[PDB]
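Printed here is structure10.pdb (PDB, C-alpha atoms):
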ATOM      1  CA  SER D   1     -26.054 -28.600  -5.000
ATOM      2  CA  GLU D   2     -26.139 -25.287  -3.095
ATOM      3  CA  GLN D   3     -29.497 -24.534  -1.472
ATOM      4  CA  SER D   4     -30.235 -21.160   0.106
ATOM      5  CA  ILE D   5     -32.083 -21.639   3.386
ATOM      6  CA  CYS D   6     -32.230 -17.990   4.374
ATOM      7  CA  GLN D   7     -31.950 -14.530   2.834
ATOM      8  CA  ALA D   8     -31.364 -11.466   5.024
ATOM      9  CA  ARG D   9     -30.175  -7.901   4.517
ATOM     10  CA  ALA D  10     -27.153  -6.858   6.552
ATOM     11  CA  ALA D  11     -23.968  -4.821   6.375
ATOM     12  CA  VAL D  12     -21.117  -7.313   6.660
ATOM     13  CA  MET D  13     -18.215  -6.166   8.822
ATOM     14  CA  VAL D  14     -14.873  -7.518  10.001
ATOM     15  CA  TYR D  15     -13.080  -6.449  13.171
ATOM     16  CA  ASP D  16      -9.850  -4.478  12.869
ATOM     17  CA  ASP D  17      -7.946  -5.812  15.891
ATOM     18  CA  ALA D  18      -5.287  -3.066  15.873
ATOM     19  CA  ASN D  19      -7.541  -0.012  15.533
ATOM     20  CA  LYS D  20     -10.249  -1.659  17.654
ATOM     21  CA  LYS D  21     -12.835  -0.771  15.014
ATOM     22  CA  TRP D  22     -15.195  -2.680  12.746
ATOM     23  CA  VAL D  23     -14.619  -2.179   9.028
ATOM     24  CA  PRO D  24     -16.768  -2.965   5.954
ATOM     25  CA  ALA D  25     -16.137  -6.482   4.665
ATOM     26  CA  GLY D  26     -14.468  -6.422   1.265
ATOM     27  CA  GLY D  27     -13.878  -2.727   1.894
ATOM     28  CA  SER D  28     -17.240  -2.054   0.261
ATOM     29  CA  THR D  29     -19.538   0.009   2.496
ATOM     30  CA  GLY D  30     -23.260  -0.698   2.304
ATOM     31  CA  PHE D  31     -25.739  -3.514   2.792
ATOM     32  CA  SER D  32     -25.495  -6.996   1.328
ATOM     33  CA  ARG D  33     -28.015  -9.747   0.687
ATOM     34  CA  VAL D  34     -26.716 -12.480   2.972
ATOM     35  CA  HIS D  35     -27.589 -16.137   2.483
ATOM     36  CA  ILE D  36     -26.804 -19.250   4.461
ATOM     37  CA  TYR D  37     -26.208 -21.984   1.868
ATOM     38  CA  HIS D  38     -26.580 -25.687   2.539
ATOM     39  CA  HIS D  39     -24.526 -27.950   0.297
ATOM     40  CA  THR D  40     -26.924 -30.890   0.232
ATOM     41  CA  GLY D  41     -24.398 -33.401  -1.074
ATOM     42  CA  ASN D  42     -21.649 -32.533   1.417
ATOM     43  CA  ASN D  43     -24.084 -31.527   4.174
ATOM     44  CA  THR D  44     -21.994 -28.442   4.945
ATOM     45  CA  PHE D  45     -23.013 -24.779   5.342
ATOM     46  CA  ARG D  46     -21.540 -21.394   4.529
ATOM     47  CA  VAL D  47     -22.506 -17.742   4.781
ATOM     48  CA  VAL D  48     -22.363 -15.805   1.513
ATOM     49  CA  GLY D  49     -23.042 -12.128   1.079
ATOM     50  CA  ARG D  50     -23.162  -9.887  -1.962
ATOM     51  CA  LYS D  51     -23.581  -6.132  -2.000
ATOM     52  CA  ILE D  52     -27.181  -5.221  -2.779
ATOM     53  CA  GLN D  53     -26.117  -2.496  -5.208
ATOM     54  CA  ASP D  54     -23.246  -3.925  -7.269
ATOM     55  CA  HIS D  55     -23.476  -7.597  -6.223
ATOM     56  CA  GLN D  56     -19.818  -7.825  -5.198
ATOM     57  CA  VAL D  57     -19.154 -10.834  -2.945
ATOM     58  CA  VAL D  58     -18.044  -9.565   0.472
ATOM     59  CA  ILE D  59     -18.166 -12.748   2.544
ATOM     60  CA  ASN D  60     -17.883 -16.454   1.775
ATOM     61  CA  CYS D  61     -17.114 -18.371   4.957
ATOM     62  CA  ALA D  62     -17.811 -21.892   6.119
ATOM     63  CA  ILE D  63     -19.920 -22.576   9.203
ATOM     64  CA  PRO D  64     -18.055 -25.251  11.184
ATOM     65  CA  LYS D  65     -19.602 -27.638  13.682
ATOM     66  CA  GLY D  66     -19.525 -26.102  17.159
ATOM     67  CA  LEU D  67     -19.514 -22.532  15.851
ATOM     68  CA  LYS D  68     -20.407 -20.051  18.588
ATOM     69  CA  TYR D  69     -22.833 -17.490  17.148
ATOM     70  CA  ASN D  70     -23.115 -14.371  19.305
ATOM     71  CA  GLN D  71     -26.162 -12.096  19.140
ATOM     72  CA  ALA D  72     -24.480  -9.013  20.618
ATOM     73  CA  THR D  73     -27.577  -6.893  20.033
ATOM     74  CA  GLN D  74     -30.957  -7.188  18.350
ATOM     75  CA  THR D  75     -29.377  -5.977  15.104
ATOM     76  CA  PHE D  76     -25.714  -6.986  15.392
ATOM     77  CA  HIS D  77     -24.524 -10.594  15.415
ATOM     78  CA  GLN D  78     -20.974 -11.914  15.207
ATOM     79  CA  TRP D  79     -18.868 -15.053  15.057
ATOM     80  CA  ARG D  80     -15.238 -15.876  14.459
ATOM     81  CA  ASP D  81     -12.655 -18.222  13.044
ATOM     82  CA  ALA D  82      -8.927 -18.554  13.686
ATOM     83  CA  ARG D  83      -8.174 -15.531  11.496
ATOM     84  CA  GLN D  84     -10.848 -12.906  12.103
ATOM     85  CA  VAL D  85     -14.124 -11.886  13.710
ATOM     86  CA  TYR D  86     -17.095 -11.411  11.387
ATOM     87  CA  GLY D  87     -20.044  -9.192  12.163
ATOM     88  CA  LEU D  88     -23.437  -8.598  10.595
ATOM     89  CA  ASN D  89     -25.231  -5.297  11.154
ATOM     90  CA  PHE D  90     -28.757  -6.175  10.027
ATOM     91  CA  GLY D  91     -31.002  -3.747   8.192
ATOM     92  CA  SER D  92     -33.761  -4.531  10.681
ATOM     93  CA  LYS D  93     -34.580  -6.599  13.761
ATOM     94  CA  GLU D  94     -36.669  -8.869  11.535
ATOM     95  CA  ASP D  95     -33.685  -9.576   9.283
ATOM     96  CA  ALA D  96     -31.584 -10.407  12.346
ATOM     97  CA  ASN D  97     -34.113 -12.753  13.900
ATOM     98  CA  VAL D  98     -34.679 -14.770  10.734
ATOM     99  CA  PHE D  99     -30.961 -15.090  10.047
ATOM    100  CA  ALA D 100     -30.336 -16.173  13.638
ATOM    101  CA  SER D 101     -33.073 -18.811  13.254
ATOM    102  CA  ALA D 102     -31.515 -20.180  10.075
ATOM    103  CA  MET D 103     -28.076 -20.253  11.712
ATOM    104  CA  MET D 104     -29.462 -22.261  14.620
ATOM    105  CA  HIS D 105     -31.040 -24.626  12.084
ATOM    106  CA  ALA D 106     -27.693 -25.083  10.340
ATOM    107  CA  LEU D 107     -25.975 -25.667  13.680
ATOM    108  CA  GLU D 108     -28.602 -28.245  14.634
ATOM    109  CA  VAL D 109     -27.627 -30.186  11.517
ATOM    110  CA  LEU D 110     -23.895 -29.785  12.176
ATOM    111  CA  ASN D 111     -23.959 -30.394  15.931
TER     112      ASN D 111
ATOM    113  CA  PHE K   1     -15.882 -11.294  21.296
ATOM    114  CA  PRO K   2     -15.160  -7.623  20.600
ATOM    115  CA  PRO K   3     -17.823  -4.987  21.321
ATOM    116  CA  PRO K   4     -20.388  -4.250  18.581
ATOM    117  CA  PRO K   5     -20.199  -1.085  16.395
TER     118      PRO K   5
END

Structure translated into structure tokens:
Amino acid sequence: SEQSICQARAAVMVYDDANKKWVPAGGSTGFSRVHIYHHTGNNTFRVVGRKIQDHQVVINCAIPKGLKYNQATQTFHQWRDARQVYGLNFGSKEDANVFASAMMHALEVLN
Amino acid sequence: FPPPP
């Protein structure tokens, strides 16, 4: 079924186009444990994040083939879909690098 | 993409 291929700590954000500001995903400020899940049977991937403190799901988005993953900084990465821009503010450079690596692995399978 | 935080 769903296999986690990476676990990283990051604050999930979404971009507020109008106010030109990033806002906490799910409106819940704080860090989340973010996984990239590989659905073995369907061979599809998705990013899922839950708040570290209360486990609330803040992000659950598919990773489509061709996705352009941008590593804005050493600790902030982002990507988008037709509706919004997602951003991950990692708890550390190590968290960012490992997540980026897993994303590239997922994209290698998709592309 | 928009600028980071």

Handout entry: Reference answer for the PyMOL selection byres ((chain D and resi 74) around 9), as a PyMOL selection string
Key = chain D and resi 71-73+75-77+90+92-93+96-97

Pull C-alpha atoms from the residues just selected and write them as a PDB file, in the coordinates of the input.
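This went into selection-v5.pdb:
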ATOM      1  CA  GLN D  71     -26.162 -12.096  19.140  1.00  0.00           C
ATOM      2  CA  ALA D  72     -24.480  -9.013  20.618  1.00  0.00           C
ATOM      3  CA  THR D  73     -27.577  -6.893  20.033  1.00  0.00           C
ATOM      4  CA  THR D  75     -29.377  -5.977  15.104  1.00  0.00           C
ATOM      5  CA  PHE D  76     -25.714  -6.986  15.392  1.00  0.00           C
ATOM      6  CA  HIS D  77     -24.524 -10.594  15.415  1.00  0.00           C
ATOM      7  CA  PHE D  90     -28.757  -6.175  10.027  1.00  0.00           C
ATOM      8  CA  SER D  92     -33.761  -4.531  10.681  1.00  0.00           C
ATOM      9  CA  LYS D  93     -34.580  -6.599  13.761  1.00  0.00           C
ATOM     10  CA  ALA D  96     -31.584 -10.407  12.346  1.00  0.00           C
ATOM     11  CA  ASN D  97     -34.113 -12.753  13.900  1.00  0.00           C
TER      12      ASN D  97
END

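Take atom CA of residue 84 of chain D and atom CA of residue 46 of chain D: the distance between them is 15.6 Å.
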
Handout entry: Residues of chain D within 12 Å of chain K, counting only C-alpha atoms, as JSON, numbers by chain
Key = {"D": [11, 12, 13, 14, 15, 16, 17, 18, 19, 20, 21, 22, 23, 24, 68, 69, 70, 71, 72, 73, 74, 75, 76, 77, 78, 79, 80, 81, 84, 85, 86, 87, 88, 89, 90]}

Handout entry: Ground truth for the PyMOL selection byres ((chain D and resi 34) around 12), written as a PyMOL selection string
Key = chain D and resi 4-12+31-33+35-37+46-52+55-61+87-91+95-96+98-100+102-103

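Atom CA of residue 67 of chain D is found 20.1 Å from atom CA of residue 3 of chain D.
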
Hey, could you pull the box centre and edge lengths for segment 95-99 of chain D, axis-aligned, 3 Å padding per side, all listed atoms, to one decimal in Å, as AutoDock Vina command-line options?
--center_x -32.8 --center_y -12.3 --center_z 11.6 --size_x 9.7 --size_y 11.5 --size_z 10.6

Practice task
Mind giving me the straight-line distance from atom CA of residue 108 of chain D to atom CA of residue 25 of chain D in Å, one decimal?
Solution key: 27.0 Å

Exercise for the section: Would you mind listing what lies within 9 Å of residue 64 of chain D as a ChimeraX atom specification, with all atoms listed in the file counted and same-chain residues fewer than 6 positions away left out? Expected result: /D:44-46,107,110

Please reconstruct the missing atoms of segment 47-59 of chain D (target: N, CA, C and O atoms) and return them as a PDB file, keeping the file's coordinate frame.
ATOM      1  N   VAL D  47     -21.825 -19.026   4.853  1.00  0.00           N
ATOM      2  CA  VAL D  47     -22.506 -17.742   4.781  1.00  0.00           C
ATOM      3  C   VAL D  47     -21.934 -17.012   3.569  1.00  0.00           C
ATOM      4  O   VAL D  47     -20.714 -16.895   3.427  1.00  0.00           O
ATOM      5  N   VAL D  48     -22.809 -16.529   2.696  1.00  0.00           N
ATOM      6  CA  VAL D  48     -22.363 -15.805   1.513  1.00  0.00           C
ATOM      7  C   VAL D  48     -23.133 -14.508   1.399  1.00  0.00           C
ATOM      8  O   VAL D  48     -24.361 -14.488   1.515  1.00  0.00           O
ATOM      9  N   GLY D  49     -22.403 -13.421   1.192  1.00  0.00           N
ATOM     10  CA  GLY D  49     -23.042 -12.128   1.079  1.00  0.00           C
ATOM     11  C   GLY D  49     -22.540 -11.358  -0.121  1.00  0.00           C
ATOM     12  O   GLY D  49     -21.348 -11.363  -0.428  1.00  0.00           O
ATOM     13  N   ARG D  50     -23.469 -10.697  -0.797  1.00  0.00           N
ATOM     14  CA  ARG D  50     -23.162  -9.887  -1.962  1.00  0.00           C
ATOM     15  C   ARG D  50     -23.806  -8.534  -1.763  1.00  0.00           C
ATOM     16  O   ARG D  50     -24.939  -8.440  -1.284  1.00  0.00           O
ATOM     17  N   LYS D  51     -23.075  -7.486  -2.123  1.00  0.00           N
ATOM     18  CA  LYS D  51     -23.581  -6.132  -2.000  1.00  0.00           C
ATOM     19  C   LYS D  51     -24.900  -6.023  -2.760  1.00  0.00           C
ATOM     20  O   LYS D  51     -25.035  -6.526  -3.876  1.00  0.00           O
ATOM     21  N   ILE D  52     -25.878  -5.372  -2.147  1.00  0.00           N
ATOM     22  CA  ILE D  52     -27.181  -5.221  -2.779  1.00  0.00           C
ATOM     23  C   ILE D  52     -27.098  -4.384  -4.054  1.00  0.00           C
ATOM     24  O   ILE D  52     -27.770  -4.680  -5.043  1.00  0.00           O
ATOM     25  N   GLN D  53     -26.250  -3.363  -4.044  1.00  0.00           N
ATOM     26  CA  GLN D  53     -26.117  -2.496  -5.208  1.00  0.00           C
ATOM     27  C   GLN D  53     -25.316  -3.034  -6.391  1.00  0.00           C
ATOM     28  O   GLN D  53     -25.835  -3.086  -7.506  1.00  0.00           O
ATOM     29  N   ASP D  54     -24.064  -3.426  -6.168  1.00  0.00           N
ATOM     30  CA  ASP D  54     -23.246  -3.925  -7.269  1.00  0.00           C
ATOM     31  C   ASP D  54     -22.956  -5.429  -7.242  1.00  0.00           C
ATOM     32  O   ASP D  54     -22.152  -5.923  -8.022  1.00  0.00           O
ATOM     33  N   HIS D  55     -23.614  -6.146  -6.336  1.00  0.00           N
ATOM     34  CA  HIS D  55     -23.476  -7.597  -6.223  1.00  0.00           C
ATOM     35  C   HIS D  55     -22.097  -8.185  -5.932  1.00  0.00           C
ATOM     36  O   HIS D  55     -21.892  -9.395  -6.069  1.00  0.00           O
ATOM     37  N   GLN D  56     -21.154  -7.345  -5.532  1.00  0.00           N
ATOM     38  CA  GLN D  56     -19.818  -7.825  -5.198  1.00  0.00           C
ATOM     39  C   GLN D  56     -19.883  -8.773  -3.997  1.00  0.00           C
ATOM     40  O   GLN D  56     -20.575  -8.489  -3.016  1.00  0.00           O
ATOM     41  N   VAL D  57     -19.174  -9.897  -4.070  1.00  0.00           N
ATOM     42  CA  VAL D  57     -19.154 -10.834  -2.945  1.00  0.00           C
ATOM     43  C   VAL D  57     -18.285 -10.215  -1.851  1.00  0.00           C
ATOM     44  O   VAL D  57     -17.153  -9.814  -2.117  1.00  0.00           O
ATOM     45  N   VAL D  58     -18.808 -10.135  -0.629  1.00  0.00           N
ATOM     46  CA  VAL D  58     -18.044  -9.565   0.472  1.00  0.00           C
ATOM     47  C   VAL D  58     -17.684 -10.597   1.534  1.00  0.00           C
ATOM     48  O   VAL D  58     -16.734 -10.402   2.297  1.00  0.00           O
ATOM     49  N   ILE D  59     -18.447 -11.685   1.589  1.00  0.00           N
ATOM     50  CA  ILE D  59     -18.166 -12.748   2.544  1.00  0.00           C
ATOM     51  C   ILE D  59     -18.525 -14.108   1.954  1.00  0.00           C
ATOM     52  O   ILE D  59     -19.512 -14.251   1.230  1.00  0.00           O
TER      53      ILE D  59
END
